[PDB]
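Chain and residue survey
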Amino acid sequence: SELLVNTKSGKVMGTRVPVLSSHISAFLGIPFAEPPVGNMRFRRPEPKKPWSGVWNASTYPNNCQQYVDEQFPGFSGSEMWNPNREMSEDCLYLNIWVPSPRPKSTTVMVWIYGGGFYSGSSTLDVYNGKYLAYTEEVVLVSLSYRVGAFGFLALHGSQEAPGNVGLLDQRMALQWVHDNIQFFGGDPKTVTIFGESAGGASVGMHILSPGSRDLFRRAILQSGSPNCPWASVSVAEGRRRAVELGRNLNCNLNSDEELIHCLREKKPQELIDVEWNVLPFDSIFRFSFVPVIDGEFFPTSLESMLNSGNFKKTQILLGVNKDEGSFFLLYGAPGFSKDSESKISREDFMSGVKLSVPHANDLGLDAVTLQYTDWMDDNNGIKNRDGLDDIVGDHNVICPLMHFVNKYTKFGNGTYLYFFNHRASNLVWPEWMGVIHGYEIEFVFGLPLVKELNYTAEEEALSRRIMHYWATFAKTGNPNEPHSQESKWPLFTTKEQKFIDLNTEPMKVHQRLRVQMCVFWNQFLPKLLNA
Amino acid sequence: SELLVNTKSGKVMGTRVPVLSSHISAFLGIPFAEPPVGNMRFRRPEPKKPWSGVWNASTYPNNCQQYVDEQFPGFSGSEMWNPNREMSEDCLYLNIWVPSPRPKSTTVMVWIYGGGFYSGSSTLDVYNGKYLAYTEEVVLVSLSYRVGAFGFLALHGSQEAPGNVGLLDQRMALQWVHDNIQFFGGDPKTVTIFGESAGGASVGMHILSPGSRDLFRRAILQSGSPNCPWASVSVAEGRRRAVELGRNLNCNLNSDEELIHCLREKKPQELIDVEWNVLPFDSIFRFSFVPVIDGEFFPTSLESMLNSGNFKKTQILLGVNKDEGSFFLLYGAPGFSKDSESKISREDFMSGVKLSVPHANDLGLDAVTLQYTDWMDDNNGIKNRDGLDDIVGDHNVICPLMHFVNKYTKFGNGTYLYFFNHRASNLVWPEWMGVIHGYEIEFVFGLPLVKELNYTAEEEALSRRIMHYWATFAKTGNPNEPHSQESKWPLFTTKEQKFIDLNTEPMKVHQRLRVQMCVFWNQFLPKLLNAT
Ligand SMILES: C[n+]1c2c(c(N)c3ccc(Cl)cc31)CCCC2
Ligand SMILES: C[n+]1c2c(c(N)c3ccc(Cl)cc31)CCCC2
Ligand SMILES: C[n+]1c2c(c(N)c3ccc(Cl)cc31)CCCC2
Ligand SMILES: C[n+]1c2c(c(N)c3ccc(Cl)cc31)CCCC2
Ligand SMILES: C[n+]1c2c(c(N)c3ccc(Cl)cc31)CCCC2
Ligand SMILES: C[n+]1c2c(c(N)c3ccc(Cl)cc31)CCCC2
Ligand SMILES: CC(=O)N[C@@H]1[C@@H](O)[C@H](O)[C@@H](CO)O[C@H]1O
Ligand SMILES: *[C@@H]1O[C@H](CO)[C@@H](O)[C@H](O)[C@H]1NC(C)=O
Ligand SMILES: *[C@@H]1O[C@H](CO)[C@@H](O)[C@H](O)[C@H]1NC(C)=O
Ligand SMILES: *[C@@H]1O[C@H](CO)[C@@H](O)[C@H](O)[C@H]1NC(C)=O
Ligand SMILES: *[C@@H]1O[C@H](CO)[C@@H](O)[C@H](O)[C@H]1NC(C)=O
Ligand SMILES: *[C@@H]1O[C@H](CO)[C@@H](O)[C@H](O)[C@H]1NC(C)=O
Ligand SMILES: *[C@@H]1O[C@H](CO)[C@@H](O)[C@H](O)[C@H]1NC(C)=O
Ligand SMILES: [Cl-]
Ligand SMILES: [Cl-]
Ligand SMILES: [Cl-]
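Residues numbered from 1 in each chain as written, not as in the entry; some residues may be left out. Chains lettered and ligands numbered in written order. Heavy atoms only, no water. Residues with missing side-chain atoms left out of burial classes, pairs and counts.

**Quick word on the overall build of chain B**
Operational definition: Strands are runs of DSSP state E lasting at least 2 residues, helices are runs of H or I lasting at least 4, and numbering of each runs from the N terminus. With the radius of gyration taken over C-alpha atoms, the globule rule is written as 2.2 Å times the number of residues to the power 0.38.
The helix and strand inventory of chain B stands at 16 helices and 14 strands. For 532 residues, the compact-globule estimate of 2.2 N^0.38 gives 24 Å, and chain B sits close to it at 22 Å. Judged by the C-alpha coordinates and their principal axes, chain B covers about 70 × 65 × 50 Å.

Structural data, given as C-alpha cells:
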C-alpha cells in the first residue's frame, strides 16, 4: 500500500527501512531508462519500456562500469567512493526515500553523484538518503548516469555516439521524476537538483541547457560548476580522444561508423583499461571523457551563455571546501603521501605546478609560480605543499565556481554562497589534506546523526544545521527560516558578495571569497595564455 | 701656504672656512676641463689648459645649464635642488674640502650629483663637503658634469656629438683627482666615488666602463644603479631624440653635421625649453638625454657586461630609501598633491600605472596592477597611493639596484647593502611621501650635526654613524671598524643576501631586500614583455 506504487511504466514495491528510532520507505533500483547495452552503447538513452508485474525495489541496483580505485586496498577513505554493487552497463536506475507516512506533495531533492564524470555510484553509504528524507521530511531521489567513455564518448556529427549521453541519462531521470514523483508524495513543481564535484558541474549544466531547465525548480552546487576546466571539452578534443581510444584498441579509424562499431564490440573493462591514455597531457584533476560543448545540449559556449543570461533564472545555493586540491595531489603529484606530512621540496613544487595547469605555456607556469611562492621562504616544505594545494583547488574548483557565482547572480533570483572549512573529528586522511573535496557530503546526508560513526555532538549539530539549510532552501528558495532567531545566511549580491563559513562555530559572514587568487585565475592568466 | 696649492695645470688659492667650532680648507671652483662652449658644445671634454698666476678658488663656480624646477616657487623642499649659482655652459669645475692641518695622504671621496642626468649642481647646500671632510678626516671632492642635451645628446657615429660626454666630464674630473689630489693631502690610490640617483647610476657606469676603472678604488651607490630603466638609451633611441630636438627647433635634419651646426647656434635655454618634448611616452621617471649604450664607453650591453663579469672588481656599498617613488608621483601623476594626503582613486591608480611603466603593453600593465592591488579593498585611497609609490620606487630604483647587487656580488670583492627608512623630523614634504628619494643625502653629508637646522639628537647620531660607515668603507673597503663592540654590518653574499636598516634604532640585519616584488620586476615582467 504505502510500499506499492503504480508508476507510469509499471508497479514498484519498496521496502520499509529503519532510520534512527523510526522508519521510512525506500524504493531502490527503479529503472528509468532502457539498458544502454549492445548497439545502444554510446547512444542517447531511451525511456524504460513499461513492465508487467511488480518491480522489486527493495535492493540497490548495479553501478555503472567505471575505473575502480585500487591505490589503497582496503582503506576506507578511498574504498568509500568505489562501487559497492556489481558493475554493469545495465545501470540506469534511481532510488527514492519517502517519509512515512507518505506526504501529500512535499519538496523533492534529487542527488547527482560526482566522480570526475569517470566514476561514481548512487549507492554509496555516504549517499544513503534516509537521514535527510526522514529528518527534513523531503522526498530524496538519487539518480545514476553513465560515466567514462560509456557516458561521454563524443564523435560530433554521429548520432550513434553524439556525446553528452550521461547528461541525457541525468535528464531522463529528471523527466521520470517530473512524470512520476507525485505517486510517491513529491511535488514535481518543487524539485531541487543537487550534486557535488562533477555532480555540481552537472547541476550547473542543467541550469544552462534549455532541454533541462523545466525539469527542476532550483539548484545546489557543491564544489563544482559547469565552467570548471576539467568539466568539458570542445568537439574537436572530444573527437581526438575518441579516435585515440580506438587507436589504443587497434580499432578501424577510417570512419565514425567503423570506430564506433569496433568500440561497441569491446568488453567494458577493455575500454576502462585504456581510458586514461587519451588525455593530452600528464595532469592531475583532468578526466578523459567529459561533457562536450556540442551546439545542442549547450547551444553556445558556456561563457557566452553566462554572459547573455541564457540559462534558467532561479535560486541557487552553492559553495566550496577549504582544501579542494589535496586529494588530487595525493594521487598525482610527487612528494605527497597519505602516511607523511608531505612537505614539498622546491623541485617537487615546480613539478606539481606543471601537472596542475597542464595547458599552460612556460610564461603561464612562471605566473602561477610567482603568484603562489613566498620568495622570502621558498624552501619551506609546508608552504610549498599548501601552495600547491591552493593552486589545485583554486584553479579547478574555487575560482571557476566564483566566476559562475558572479555571472549567475547578475540574472538569477537569489544566490547563497558557503565556504565549508570544518575538518571532521574522525577523518581517516592525514592532517595535511585539511578539508577534503567531498567531505562535506557526509554532513549534507546526516551521517553525524548516527552514534556508531563517532562524530562529536557539535558535528551532529552542524549536520542538522546543514541538512536544514539545504532542505529549507529546496522548499522555499531561502536556506533561512524567517521569523526565526537563528543567525541569517545573507544573499550573495553582485555588490557585497557575501558568503558564510560552514563549520561548528557561530556563523561568520565574509565578502569576496578568495577574490585575490580568483582575479588571477579568471582574468589575468587567461589573458596571458591567450597572448 | 696651506691654502696655496700648485697643481699640474697651475696655482690655486683656497679659503679657510668655519666648520662646527673649528676650521677646514676649501678649494672651490677649480677648473678641470676647457669650457665646453661654442663649437665645443656636445663635444668630448678637453683637459684644462694650464694657467699662469693664482686661480682664485674661494667661491663656488657656475652651475651647468639645466631645466629649473618652478613647481613650488620659494618652497625649500624643491628649491634646495635647484641651481644656487648662475647657470653657464662654462661649468666644468670641482670643489675640494681638505682637513686642517693638511693630512699626508688620506682617503679621498668624490661626490657625483644626481638629477636624472638633466639637472644637478655640485654647489647645493646639501652637498657641502665640510662636515664630512672635517668629521671623518677625508679629502672630499665634488665634481660637475654637463647635463641634459649639453651632456648627453647622442648622434652615434659623429665625433662632434658622440653621446656620453657628461660621463666623460666625470671621468676627466676623476683623472684630475688621480693626477692632482696628492697636492691636497689625498691618496690617489684610495679614491671612493659616491653619488645618489643619476650620480649612483654614474658611479655604476664607471664601474662598468674600462676607461674609468683605474681612476678610483671603490664605490658607493645611493638609490641608483647603471641598469636603471631611466638611466640609458640605445644608440637608435638617442639618435631619434637628438633628431626630434632639432625638429622642435626647426633645424636642418639632413645630416649629423647640419643638425649639430644648427643646435650649436641656439641659446642654451632654447634647447632646455623643448628638451622634454623628445620623450617617446607620457611618463614619469623618464629623462630625455641620458647615457647611450655606444660600444665605446660601454663596450657591450650592460646586462652582458654584468653577466660576464666585465667590470671593475672591488668593494661596493649601496642601498635605497623606503619611498623612492613619491617625489616623482607628486610631480607627474594624477591625484597627488603636496598639500593633501593624496588618496588615489582607482581611476587615477590605473592612470599612474600607465605613466609609471610607459613601455608596457596592456598585458604588462594588467600584471603590474594585479601585483600591487588588494582586491579585497581596491577603493582604499591610501592603499592605492602607497601601491603606486611602491610601483615607481620598485621599478625605477629598488629592483634595478637589487639586480645589480646580485650580479656584481658574483664577481666583486665585497658588497654592503643598506635600506634607509628614517623620515627626518624636520622634513618639509608631507607625511604621505615618506622616506623620500634623496633625503638620505643630508645624513651622508652631516647636516644633522648643524644645530641651527633642528635635527634631533638621534638624527645627529644617525648622521655620524652613516658618515663613519661611508668614510670607513672608503678607507678600508669595510664600513665596520675593527675591534669595535658595535653591531657589525654584514657582507651581502649571494646565498644569505643580508642588508641592514639605516635609521635611529639599533641596527637590524635582514635578508632578501624587496625580494617578492623584484622577482616580478627583474624576471617575470621582462619575460612577459619579451614574449608579448
Ligand atoms: C574518489 N574520491 C576520493 C576522495 C574524495 N574526497 C572524493 C570526493 C568526491 C568524489 Cl566524487 C570522489 C572522491 C578522497 C580520496 C579517495 C578518493
Ligand atoms: C590510472 N590513471 C589515473 C589518473 C591519471 N591521471 C592517469 C594518467 C595516465 C594513465 Cl596511463 C593512467 C592514469 C588519475 C587518477 C586516476 C587514475
Ligand atoms: C599511471 N598513473 C598516472 C597517474 C596517476 N595518478 C595514477 C593513479 C593510479 C594508477 Cl593505478 C596509475 C596512475 C598520474 C599521471 C601519471 C600516470
Ligand atoms: C629635484 N629633486 C627633488 C626632490 C628630491 N627628493 C630629489 C632627490 C634627488 C635629486 Cl638628484 C633631485 C631631487 C624632492 C622634490 C623636489 C625635487
Ligand atoms: C616639464 N616637463 C615636461 C614633460 C615631462 N614629462 C616632465 C617630466 C618631469 C618634469 Cl620635472 C618636467 C616635465 C613632458 C612634456 C613637456 C614638459
Ligand atoms: C609630467 N609633466 C610635468 C610637468 C609638466 N609641465 C608637464 C607638461 C606636459 C606633460 Cl605631458 C607632462 C608634464 C611639470 C613638472 C612635473 C611633471
Ligand atoms: C557485442 C555487440 O554489441 N555487437 C554489436 C554488433 O553485432 C553490431 O553489428 C554493431 C553495430 O553497431 O553493434 C555492436 O554493439
Ligand atoms: C524482493 O527482494 C527482497 C530482497 O531479496 C526479498 O526479501 C523479497 O522477498 C522480494 N519480494 C518478492 C520476491 O516479492
Ligand atoms: C526574485 O523574483 C521576484 C519576482 O520577480 C522578485 O520580486 C524578487 O525581488 C527576486 N529576488 C531576488 C533575490 O532577485
Ligand atoms: C567509537 O568510540 C568508542 C570509544 O569512544 C570506541 O569504543 C568505538 O570503537 C568507536 N567506534 C568505531 C567504529 O571505531
Ligand atoms: C677671490 O674672490 C673673492 C670674492 O670674489 C675676493 O674677496 C678675494 O679677494 C679674491 N682673491 C684675490 C683677488 O686674490
Ligand atoms: C677579496 O679578495 C681577497 C684577495 O683575493 C680575498 O682573500 C677575499 O676573500 C676577498 N673578499 C671578498 C669579500 O670577496
Ligand atoms: C630651528 O629651531 C630654532 C629654535 O626654536 C628656531 O629659532 C629656528 O627658527 C628653527 N629653524 C627653522 C629653519 O625652522
Ligand atoms: Cl553554531
Ligand atoms: Cl649660444
Ligand atoms: Cl658571495
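Still to come is the rest of the account.
**Notes on the sheet that holds strand β2 (residues 10-13) of chain B**
Residues and elements named next belong to chain B. Let me state the cut-off plainly: By definition, two strands form a pair when at least two bridges between them are found by DSSP. In this description, a line fitted to the C-alpha atoms serves as the axis of each element, helices being fitted only across the stretch in contact, and the angle between N-to-C directions of two axes falls anywhere from 0 to 180 degrees.
With mixed pairing, 3 strands are arranged side by side in an open sheet as β1-β2-β5. Of all the strands in the sheet, the pair left with one neighbour each is β1 (4-7) and β5 (54-56). With direction set aside, neighbouring strand axes in the sheet form an average angle of 30 degrees. Note that β1 and β2 share 4 bridges and pair antiparallel. By the bridge assignment, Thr7 is partnered in β2 with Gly10.

**Some details on the UniProt feature "disulfide bond" in chain A**
Residues and elements named next belong to chain A. The following threshold applies: By definition, disulfides here are pairs of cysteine sulfur atoms that lie within 2.5 Å. UniProt positions are given in the numbering used here, feature names are shortened, and annotations may be inferred rather than shown by experiment. Working definition: with a 1.4 Å probe on protein chains only, accessible area under 20% of the residue-type maximum means buried, over 50% means exposed, and in between means partly exposed.
Of the UniProt disulfides, the one joining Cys251 and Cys262 is satisfied here, as the sulfur distance of 2.0 Å falls under 2.5 Å. Here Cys262 lies in helix α7 (residues 256-264) and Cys251 lies in the loop between α6 (235-247) and α7, a separation of 11 residues in the sequence. Residue classification places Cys251 among the buried positions, given a relative accessible area of 9%. Its relative accessible area of 15% is what places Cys262 among the buried residues. For the UniProt disulfide linking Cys399 and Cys518, the S-S separation comes out at 2.1 Å, below the 2.5 Å cut-off, so the bridge is there in this model. Placement of the pair is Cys399 in helix α13 (residues 381-409) and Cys518 in helix α16 (residues 515-530), with a sequence separation of 119 residues.

**Focus on the site of ligand 3**
Residues and elements named next belong to chain A. Condition: Whether a residue is near a molecule or strand depends on its heavy atoms: it is near if one of them lies within 4 Å of it. For the purposes of these results, a polar contact is taken to be a pair of N or O atoms within 3.5 Å, where, inside protein, one atom must be able to donate a hydrogen and its partner to accept one; residues adjacent in sequence count only when each atom of the pair is a side-chain atom. Areas reported here follow the Shrake-Rupley algorithm with a probe of radius 1.4 Å; residue values treat only the protein chains shown as occluding.
With respect to spatial proximity, the complete set of residues near ligand 3 consists of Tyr67, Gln71 and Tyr331. Between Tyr331 and ligand 3, the recorded distance is 3.0 Å, taken from a backbone N or O atom to a nitrogen atom. Expressed as a share of its isolated accessible area of 390 Å², the protein-covered part of ligand 3 is 38%.

**Topic: the site of ligand 7**
Residues and elements named next belong to chain A. So the rule is basically this: Amino acids outside the nonpolar list (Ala, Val, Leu, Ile, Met, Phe, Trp, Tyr, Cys, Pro) and the charged list (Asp, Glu, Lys, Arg) are all regarded as polar, and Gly is one of them.
Around ligand 7, the neighbouring residues are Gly38, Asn39, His261, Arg264 and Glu265. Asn39 has a polar backbone atom sitting 3.4 Å from an oxygen atom of ligand 7. One of the side-chain nitrogen or oxygen atoms of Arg264 is found 3.3 Å away from an oxygen atom of ligand 7. Burial of ligand 7 by the protein chains amounts to 51% of its free accessible area of 370 Å². Here the residues of the shell around ligand 7 are counted per class, giving no nonpolar, 3 polar and 2 charged.

**Here we look at the packing of aromatic side chains**
Inclusion rule: Two aromatic rings, drawn from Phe, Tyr or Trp (for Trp, its six-membered ring), form a pair once their centres lie within 6.5 Å of each other, and the interplanar angle then sorts them: stacked below 30 degrees, edge-to-face above 60, tilted otherwise. By definition, being over a ring means that NZ of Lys or CZ of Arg is both within 6 Å of the ring centre and within 35 degrees of the ring normal.
Throughout the structure, instances matching the rule amount to 90 aromatic pairs over all chains. Geometrically, the ring pair formed by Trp230(A) and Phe287(A) is edge-to-face, given 5.8 Å between the ring centres and 80 degrees between the ring planes. You can see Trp230(A) sitting in the loop between β10 (218-222) and β11 (233-234) and its partner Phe287(A) sitting in the loop between α8 (268-274) and β12 (292-293), a full 57 residues away along the chain. Here the two residues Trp230(A) and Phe287(A) agree in accessibility, since each one is buried. Here the basic side chain of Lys313(B) rests over the ring of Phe311(B), its NZ or CZ set 5.8 Å away from the ring centre. Its guanidinium or amino end placed over the ring of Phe75(B), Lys338(B) lies 4.2 Å from that ring's centre, counting from NZ or CZ.

**Topic: the sheet that holds strand β8 (residues 139-142) of chain A**
Backbone-to-backbone hydrogen bonds pair the strands of a sheet. The strands run either parallel or antiparallel. Residues and elements named next belong to chain A. The mixed open sheet is built from 11 strands, whose spatial order is β3-β4-β6-β8-β7-β9-β10-β13-β14-β15-β16. Lying at the two open borders of the sheet, with one neighbouring strand each, are β3 (15-19) and β16 (509-511). Each adjacent strand pair in this sheet contributes to an overall mean axis angle of 25 degrees, direction not counted. Pairing of strand β6 (residues 93-98) with β8 involves 3 bridges; the strand directions are antiparallel. Within β8, the residue paired with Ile96 across the bridge is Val141.

**A short note on the state of the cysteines**
Residues and elements named next belong to chain B. All chains considered together, the criterion is met by 6 disulfides over all chains. Taken in N- to C-terminal order, the disulfide-linked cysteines of chain B are connected 1-2, 3-4, 5-6. What links to what in chain A: the bonded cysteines, counted in sequence order, pair as 1-2, 3-4, 5-6. Free of any disulfide, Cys228 has its nearest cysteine sulfur in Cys399, 10 Å distant.

**Considering the pattern of salt bridges**
Short version of the rule: Definition used for salt bridges: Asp or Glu carboxyl oxygen within 4 Å of a side-chain nitrogen of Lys or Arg.
Taken as a whole, this structure holds 46 salt bridges over all chains when the rule is applied. Close ionic contact of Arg41(A) with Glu89(A) constitutes a salt bridge, the shortest N to O distance being 2.7 Å. Of the two residues, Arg41(A) sits in the loop between β4 (22-31) and β5 (54-56) while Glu89(A) sits in the loop between α1 (76-79) and β6, which places them 48 residues apart along the sequence. Its relative accessible area of 4% is what places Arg41(A) among the buried residues. Of the charged contacts in the structure, one is a salt bridge between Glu237(B) and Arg240(B), with a shortest N-O distance of 2.8 Å. Of the two residues, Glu237(B) and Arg240(B) both sit in helix α6 (residues 235-248), 3 residues apart, roughly one turn of that helix.

**Things to note about helix α16 (residues 515-531) of chain B**
Cut-off, in case you're wondering: A helix is expected to reach a length of 1.5 Å times the quantity of its residues less one. The reported bend at a residue is simply the angle between two axes, fitted to the 7 residues ending at it and to the 7 residues beginning with it. By definition, residues are in contact when any of their heavy atoms lie within 4.5 Å.
Given a rise of 1.5 Å per residue, 17 residues ought to cover 24 Å, and the 23 Å separating the end C-alpha atoms of α16(B) matches this to within 8%. The sharpest bend along α16(B) reaches about 35 degrees and sits at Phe524(B), with the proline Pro526(B) one to four residues further on. Residues of α16(B) that are buried sit in contact with α12 (362-372) and α16 of chain A together with α12 (362-372) and α13 (381-411) of chain B.

**Topic: the pairing of strand β13 (residues 316-321) of chain A**
All names here are of chain A. Across the 6 residues that make up β13, a large majority, 6, are buried. Pairing of β10 with β13 involves 4 bridges; the strand directions are parallel. The residue bridging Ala219 from the neighbouring strand is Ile316, located in β13. Where β13 lies against strand β14 (residues 415-420), 6 bridges are found, and the strand directions are parallel. Note that in β14 the partner of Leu317 across the bridge is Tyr416.

**Digging into the UniProt feature "active site" in chain A**
All names here are of chain A. Residues given the UniProt feature "active site" here are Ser197, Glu324 and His437. Spanning 241 residues, the named residues nonetheless gather at one spot, since no C-alpha pair among them exceeds 9.8 Å. Within the element layout of this structure, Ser197 appears in the loop between β9 (186-196) and α5 (198-208). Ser197 sits in the buried class, given a relative accessible area of 6%. Setting aside chain neighbours within four positions, we find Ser197 in contact with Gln222, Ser223, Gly224, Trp230 and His437. Mapped onto the elements of the fold, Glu324 is located in the loop between β13 and α10 (326-332). Since its relative accessible area comes to 1%, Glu324 is described here as buried. Every residue in contact with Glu324, bar those within four places of it in the chain, is listed here: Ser223, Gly393, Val397, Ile398, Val435 and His437. Within polar-contact distance, the side chain of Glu324 engages the side chain of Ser223 at 2.4 Å.

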